[PDB]
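Trainee: Please see the structure below; I have some questions.
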RNA sequence: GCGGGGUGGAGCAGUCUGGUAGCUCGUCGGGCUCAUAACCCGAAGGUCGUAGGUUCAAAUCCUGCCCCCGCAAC
RNA sequence: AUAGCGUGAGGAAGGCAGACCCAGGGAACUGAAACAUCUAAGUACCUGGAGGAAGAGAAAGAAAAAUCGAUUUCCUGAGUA
RNA sequence: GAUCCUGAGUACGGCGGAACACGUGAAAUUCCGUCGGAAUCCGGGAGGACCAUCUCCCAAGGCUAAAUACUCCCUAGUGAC
RNA sequence: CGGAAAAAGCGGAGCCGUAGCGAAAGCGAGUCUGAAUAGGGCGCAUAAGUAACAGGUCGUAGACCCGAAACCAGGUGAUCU
RNA sequence: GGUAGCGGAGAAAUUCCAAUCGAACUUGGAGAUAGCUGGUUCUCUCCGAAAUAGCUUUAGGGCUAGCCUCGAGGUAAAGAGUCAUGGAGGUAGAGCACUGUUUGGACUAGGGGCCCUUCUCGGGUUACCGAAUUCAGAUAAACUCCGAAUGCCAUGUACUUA
RNA sequence: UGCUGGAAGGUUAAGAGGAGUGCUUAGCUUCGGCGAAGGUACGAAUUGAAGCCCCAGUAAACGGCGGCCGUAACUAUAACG
RNA sequence: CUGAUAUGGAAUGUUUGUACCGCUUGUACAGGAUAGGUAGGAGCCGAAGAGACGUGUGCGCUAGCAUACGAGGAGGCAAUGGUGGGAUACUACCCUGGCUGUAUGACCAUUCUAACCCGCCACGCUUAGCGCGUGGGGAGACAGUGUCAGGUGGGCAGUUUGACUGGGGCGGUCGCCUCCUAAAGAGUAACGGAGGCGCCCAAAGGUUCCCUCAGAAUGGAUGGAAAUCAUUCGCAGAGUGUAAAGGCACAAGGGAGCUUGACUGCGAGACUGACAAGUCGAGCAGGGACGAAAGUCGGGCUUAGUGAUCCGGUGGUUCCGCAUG
RNA sequence: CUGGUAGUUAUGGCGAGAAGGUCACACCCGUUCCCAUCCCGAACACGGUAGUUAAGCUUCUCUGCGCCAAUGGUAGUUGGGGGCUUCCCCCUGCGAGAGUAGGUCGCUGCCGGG
Ligand SMILES: Nc1ncnc2c1ncn2[C@@H]1O[C@H](COP(=O)(O)OP(=O)(O)OP(=O)(O)O)[C@@H](O)[C@H]1O
Ligand SMILES: Nc1ncnc2c1ncn2[C@@H]1O[C@H](COP(=O)(O)OP(=O)(O)OP(=O)(O)O)[C@@H](O)[C@H]1O
Ligand SMILES: [K+]
Ligand SMILES: [K+]
Ligand SMILES: [K+]
Ligand SMILES: [K+]
Ligand SMILES: [K+]
Ligand SMILES: [Mg+2]
Ligand SMILES: [Mg+2]
Ligand SMILES: [Mg+2]
Ligand SMILES: [Mg+2]
Ligand SMILES: [Mg+2]
Ligand SMILES: [Mg+2]
Ligand SMILES: [Mg+2]
Ligand SMILES: [Mg+2]
Ligand SMILES: [Mg+2]
Ligand SMILES: [Mg+2]
Ligand SMILES: [Mg+2]
Ligand SMILES: [Mg+2]
Ligand SMILES: [Mg+2]
Ligand SMILES: [Mg+2]
Ligand SMILES: [Mg+2]
Ligand SMILES: [Mg+2]
Ligand SMILES: [Mg+2]
Ligand SMILES: [Mg+2]
Ligand SMILES: [Mg+2]
Ligand SMILES: [Mg+2]
Ligand SMILES: [Mg+2]
């Protein structure tokens, strides 16, 4: 169970921090979250 | 040449390797060792650039040729032929640094001799993983142990490694001995001063009430001084430190269910004399023989001798090789095709287990798979853990006749000893292959020998 | 009340790191011997104090009780 | 030959005003509500040199779309940077 | 203005310390000890690491009154002492 | 500077206030945030300060008076022992 | 005559170093510092507390708030008391509708025995116990189907008052 | 644990070394950017003593000098195991 | 104690290193068999001395390869074919080591002597056991001294070594949540009575749709006090990730699908409150998820799951950048 | 009258008993389409009316359970005052819970068919 920055793929800008269990979710999470630079929803993956 | 810094290699939840700083030289000759499941091959891939690290960096110089632990080249050649092909390919590439993951896995004595000579005469950097102690002695001059998630560096051959390791072992035992002794000593004194302190305030029979009442306070201060001595002792105990008991690594032994106990002496396989050939070319001539139940039959040969071919003939039921009924064969391949690379291993083993779930898990525990591993892909496993998977699957199957082409490949010393124990104690019957003279001497009650295109049988060692 | 412990008949491990019953002496049986001992060959004997928990599974991890050896209290 | 020795011509030696200044050397109490970096403090004190003052001083400077023209002391800047 | 001179074991740098309001801090500038160690006029320094450009200036030699500080003392005098 | 240890005159350098907001660039009765023209913060709208005197209090200074045991520095003492 | 205090001398005791020695005397830094104690000088007039919260290497200190005083302000007069009205709230009490504790009775899974037997299988069963279930009756700071008085919040134009 | 001695290896500084990396820019480029020399900031390999790790010894060196079960023709205890 | 460096230089020699000339070295497997690579290559070597024979030496994978020596005197091998990743002759450029020779450059050792030193002698200054000078003798680039650096270091020094507390001390506690105390708003103490926390969950969240538990009575094959099934009773006697309190069945409890609102900017206003902080928040905008729609969604039924600044690190930025860039 | 739809603290319910109806509400019939079930046309969903009032449903009856419910008193209690003080008594005001007399098979409103 670990804290996780989430960076945008179009920007590379770390828009969010959240958590995951590092065993039950062993991969870089991907989630669709708003990027305020672009002012649209965008796919963010873990760093 | 190669620089490694701040390297964290994390696999899932656990931390696989953690390295502040390392550096490899020209003319280097390194072994890198550790039990199965610790991160040797992963570290290697991360150097080679096949894999990325969660942190830190590697920085290479020149060309690097990477021989892999597991041959993906599904092809029509022997295991040793494939292994030596990959090896000579890496060397033909003319590298500066040469990476290698268990190169002596399927090789024999002559191939190992030629390899260690060629890599002696090799000039340049090289890194090796192998459990062949003699091979490491012949080759390497630095040794890196992946123990406790860190790299412990050692110099000289594996000989000198064992030496320095035994020094560290004894040194730690001595430290823990001293530490426990001092703690008992001071904690004893602490009980002593507790007894005193309790007595300081209980007057003797010889005293009077009025007379005793006059020194209550000064005796309270004596008591206080005692308690202060106690706290000082506790501080000294803190200053001793949290010296850790040394690690006694737990042995491996395999726990086998009582499948079937058919009579020792029953003919399990009658094989009549027959010349064999696979592409038309003759491999050898079988001179006829029989194999009885309880026989721990070794099968011996050079590279490309006919061994794996012969085992395939057995399991395909050539009529020249009549296994009797009620035999219950169970096969292990040199190239581990017996697993399903799609399934998790609980699936892969709970499908093929005729046995109870509890028993399935007991055998996995006896192979020392943790709870974390059950849902890993077969794609996701060590070269040794895959072997353990197929053998654990083979033991859950109800078999009375194991047949095992080179199980000694990616196993450590603990698992090889546990397998030796297994084959040596096994109630049923077993027919194995191994180029380890040590293992085959320790285990072989009976011998099948291929030499000069002549197969033979001997009830000797 | 505070520490150790409770595992075949005795002494000891193994526990910390769940799947693994071990070392020495002894016992029973058969041999050697006129007979006993020693020696040689085999075998038995422990559900790990106990009652409950957790776990797929406990000597092993958690809890309560009951016993023994020390130290205190009395 | 120098050392050394002797003679002659000069010169110094020491003191203070318990003040002011230049250098050498240089504390701790205290404060930080302990305390060690730090402070107190280059203070007290020792010593040496002085002079009526000393020290500094005639740019290898200060500055900036504009230049000023050796040092020193005071007002401000400023309790700012 | 052919040529020549213009403060060398310094100027700087490393190490160790100190003074600059500036506690090594990005630490310019100045000084001490010890190691090293320049160009010298198409040259050299500074402008708060440093580089280029621009600007200002010529170090490693010396002198220098006045404005400033103090009062054991002398003279005449003062005090919501 | 002037002058009686005066009083005027001179001296406007500087200080405070008059405009705030913002880390800053910067914008300015607005400004910062923010994509925003939104809302909100701070301001303005909703305009009185300044110089000097006195009183209260606060700070730096011994700071209300007396009082440690102790620390440091320079010296004096072996006529007792 | 020599050894002098970051020191010396010690047949060694913390002994001695000018009636001073777990580190002399004197002078200076020095008006050390003292959250500690003591003391702090004339008069009347008006008002008049607190010994609480919270934080604190904090507990006999301090800081902010609460409480006092002085001054100036501002009004959709906001304060206080009672009356009426409306509300939150689960105390006292009471009660057993849950949870626990419990008394007596009915009745029993099951355990112990005498046994009939007997592969002790199943019976004769025992008041020797007995989980629970059920009827009546008790009990409760951490139980409640219920539930006041008071106190609190407010509203009002009521009626006084500051 | 100290003391002595050893001398193969591991760890180990300052200093020596200076692979290289950033910054800068004469040019190259279109903007972005690329960039020789020199200067500059930082610097890896390698080298690098004692000590420590290590091995012997040493107790009129610091220091330390144990438990459980059973066993005699019996009652106890245990020469014995 | 130790090392580097200055004072502080002259040789010789070992052992490594570096570069160059030469000479030998090159065997996985399969393959005629000892195949290093790249390329040329079809012819190439040689009576001015070939193949093969005999001997020794060296290597070594112990197969054989090279090297010289006696006789002899012309013949050999490759191409071709196959083997194989790759071809065989020979040619050159390489690479990998090994040896000789040179040339450079480190470490260490031995010697020398002129620096330095001599608390050795003789002489002199000189009536001097100081000092200095002169001549010998001795040590000698060591010592000593300075600068720098590591180690050891109570020999000496400056300081630290908690508070609550029915005295202090021991024991316990110190921060957050929940009940009782707590006297029916709130708050309310004690070394007052009970328990928990320092997490977890990628679904245990969001939405849309669907349904409802515990336990008992029987009926039933393994199967039993009690697994699963049918009927009936049943306001919750269950569950609510986890302590307890409150609350929840017109769900907040259970399934399924789709998803990521576990979003960005903020926020009239309130709660609480010494401050610091903590709490709730309709609604506005942006851009989305679910759903036909209404509408809900700024994590979880609620309440714990956490720690200031200072200092560092990472990423980003139409900010600054000590004369200008 | 009946089918929906509401509000009202269950006097509104639970249970029992009785009468009626393809006008509606239903049960029922089928799965041919939509769509459906950890299986199942039971449910949902669709298409129909052959049989029925058995049940749901409408109406009616009841006091068995439940719910409500006073009056009087008792408790406790604000304020005041007494004592003999584990506690208690008195004056005034308020005032239960329990239990009882008694009430209850709902009460109001809208729309559409008939
Ligand atoms: N992608 C992955 N995800 C999860 N676990 C992984 C992954 N890759 C490897 N592992 C696991 O991490 C561990 C590292 O295994 P690794 O192959 O590095 O071991 P090893 O020491 O080289 O093994 P061996 O001696 O058998 O060759 C193993 O337990 C392996 O199963
Ligand atoms: N299917 C096949 N087709 C052609 N050749 C084959 C086939 N299987 C095996 N061979 C050949 O037969 C020979 C021996 O085969 P095999 O792999 O069974 O030998 P082995 O003795 O078991 O070797 P090892 O232990 O090294 O694996 C090899 O030359 C291999 O290439
Ligand atoms: K002068
Ligand atoms: K500086
Ligand atoms: K200048
Ligand atoms: K605004
Ligand atoms: K005196
Ligand atoms: Mg591996
Ligand atoms: Mg076990
Ligand atoms: Mg202080
Ligand atoms: Mg300079
Ligand atoms: Mg410096
Ligand atoms: Mg300074
Ligand atoms: Mg210098
Ligand atoms: Mg500048
Ligand atoms: Mg004297
Ligand atoms: Mg004493
Ligand atoms: Mg002072
Ligand atoms: Mg004083
Ligand atoms: Mg009054
Ligand atoms: Mg009560
Ligand atoms: Mg109560
Ligand atoms: Mg030693
Ligand atoms: Mg000390
Ligand atoms: Mg101090
Ligand atoms: Mg205290
Ligand atoms: Mg309350
Ligand atoms: Mg600039």
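Please note: Cβ atoms are built from the backbone with ideal geometry, for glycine as well, and neighbour counts cover all protein chains shown. Every number here is computed from the coordinates shown, using simple stated rules; none is lab data.
Trainee: With r as the distance between the Cβ atoms of residue B:178 and residue B:74 and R0 = 51 Å, compute the FRET efficiency 1/(1 + (r/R0)^6) and round to 0.05. If you can, show how the numbers build up before the last one.
Mentor: On the way: r = 58 Å, r/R0 = 1.13.
Result of the calculation: an efficiency of 0.30.
Trainee: Count the DSSP beta bridges whose two residues both fall in the protein assembly as shown, then state the antiparallel fraction as a percent rounded to the nearest 5. Could the numbers behind the result be given before it?
Mentor: Values: 50 of 81 bridges.
Here the share of antiparallel DSSP bridges comes out near 60 percent.
Trainee: With the contact rule set at Cα under 8 Å and sequence spacing of 6 or more, what percent relative contact order holds for chain A? Please list the in-between numbers first.
Mentor: Working: 81 pairs, mean separation 19.5, N = 47.
RCO, chain A: 41 percent.
Trainee: If you don't mind, there's one more thing I want to ask. Run the simple label-point estimate for residue A:11 and residue B:227 please: 7 Å along Cα→C-beta, distance reported in nm.
Mentor: 6.1
Trainee: Could you state the per residue volume, in Å³, of the convex hull enclosing the Cα atoms of segment B:311-364?
Mentor: It is 105 Å³ per residue.
Trainee: With only alpha-carbon atoms counted, please give the Rg and Dmax of chain B, in Å.
Mentor: Gyration radius and largest Cα-Cα distance of chain B: 30.2, 117 Å.
Trainee: Helix B:413-425 versus the longest principal axis of chain B: what angle, 0 to 90°, nearest 10, using Cα atoms?
Mentor: 60
Trainee: Sketch the reach of a paramagnetic label on residue B:260 as a point 7 Å from Cα along Cα-to-Cβ, and name the residues of segment B:394-415 whose backbone nitrogen lies under 11 Å away.
Mentor: Under cut-off, by backbone N: B:398-401.
Trainee: Can you give the % of DSSP beta bridges in chain B that are antiparallel, to the nearest 5?
Mentor: Expressed as a percentage, antiparallel bridges in chain B total about 55.
Trainee: Under a point spin-label approximation (7 Å from Cα along Cα-to-Cβ), what is the residue B:8-residue A:31 distance to one decimal in nm?
Mentor: Going from the residue B:8 label point to the residue A:31 one covers 2.0 nm.
Trainee: Quick one: helix B:357-366 against the long Cα principal axis of chain B, what's the angle to the nearest 10°, folded into 0 to 90?
Mentor: For helix B:357-366, the angle is close to 80 degrees.
Trainee: Right, next: For a footprinting-style exposure proxy, rank B:460, B:367, B:455, B:380 by other Cβ within 10 Å, fewest first.
Mentor: Working: B:460 9, B:367 22, B:455 27, B:380 16.
Least to most surrounded, the residues fall as B:460, B:380, B:367, B:455.
Trainee: Right, next: Taking each residue in B:415-422, count the Cβ atoms of any other chain within 10 Å of its Cβ, then average. What number comes out?
Mentor: Mean inter-chain Cβ contacts per residue within 10 Å come to 0.
Trainee: Average partner chain C-beta neighbours within 10 Å, per residue of B:363-370?
Mentor: Details: counts 0, 0, 0, 0, 0, 0, 0, 0.
Average neighbour count from other chains, rounded to a whole number: 0.
Trainee: What's the FRET efficiency of residue B:168 with residue B:359 using the Cβ-Cβ distance as r and R₀ = 51 Å, to the nearest 0.05?
Mentor: Plugging the Cβ-Cβ distance into 1/(1 + (r/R0)^6) gives 0.85.
Trainee: Still on this model: Per 0.36 nm of contour for each residue apart, how much would the distance between residue B:273 and residue B:219 grow if the chain were fully extended, relative to their Cα-Cα spacing?
Mentor: Length gained between residue B:273 and residue B:219: 9.4 nm.
Trainee: Please compute the average number of Cβ atoms from other chains found within 10 Å of each residue's Cβ in peptide B:258-269.
Mentor: 0
Trainee: Still on this structure, I have one more. Among B:422, B:240, B:346, which comes first, second and so on when ranked by fewest other beta-carbon atoms within 10 Å?
Mentor: Fewest-to-most Cβ neighbours within 10 Å comes out as B:240, B:346, B:422.
Trainee: Which values of log₁₀ I(q)/I(0), to two decimal places, follow from the Debye formula for segment B:227-285 at q = 0.21 Å⁻¹ with a uniform point scatterer at every Cα?
Mentor: Each listed q maps to, in turn, -0.97.
Trainee: Considering the convex hull of the alpha carbon atoms of segment B:1-144, report its projected area averaged over all viewing directions, in nm², one decimal.
Mentor: Values: hull surface 34.5 nm².
Averaged projected hull area, Cα only: 8.6 nm².
Trainee: Using a 10 Å cut-off around each Cβ, can you sort B:258, B:73 from fewest to most neighbouring Cβ atoms?
Mentor: Ascending Cβ contact count within 10 Å gives the list B:258, B:73.
Trainee: In whole angstrom, note down how far apart the Cα centers of segment B:56-107 and segment B:1-46 are.
Mentor: Between the Cα centre of segment B:56-107 and that of segment B:1-46, the gap is 18 Å.
Trainee: For chain A, what mean projected area does the convex hull of the alpha carbons give, in nm²?
Mentor: Working: hull surface 11.3 nm².
With every direction weighted equally, the projected area is 2.8 nm².
Trainee: Separate question: At 222 nm, what helix-only mean residue ellipticity would chain B give, in deg cm²/dmol to the nearest 500, using -39500 (n - 2.57) for each DSSP H run of four or more?
Mentor: On the way: 13 runs with 174 residues, N = 461.
Value at 222 nm, helices only, nearest 500: -12000 deg cm²/dmol.
Trainee: Also, quick follow-up: Rounding to the nearest 10 and keeping the result within 0 to 90°, find how far the Cα-based axis of helix B:383-396 lies from the longest principal axis of chain B.
Mentor: On a 0 to 90 degree scale, this one is about 80.
Trainee: Also, quick follow-up: Could you work out how far apart the two model spin labels at residue B:63 and residue B:250 are, taking each label as a point 7 Å from the Cα in the direction of the beta carbon, and quote it in nm?
Mentor: 4.8
Trainee: Between residue B:212 and residue B:81, what is 0.36 nm times their sequence separation minus the Cα-Cα distance? Round to one decimal in nm.
Mentor: 37.5 nm
Trainee: Gap in Å between the Cα centre of segment B:260-282 and the Cα centre of chain A?
Mentor: 61
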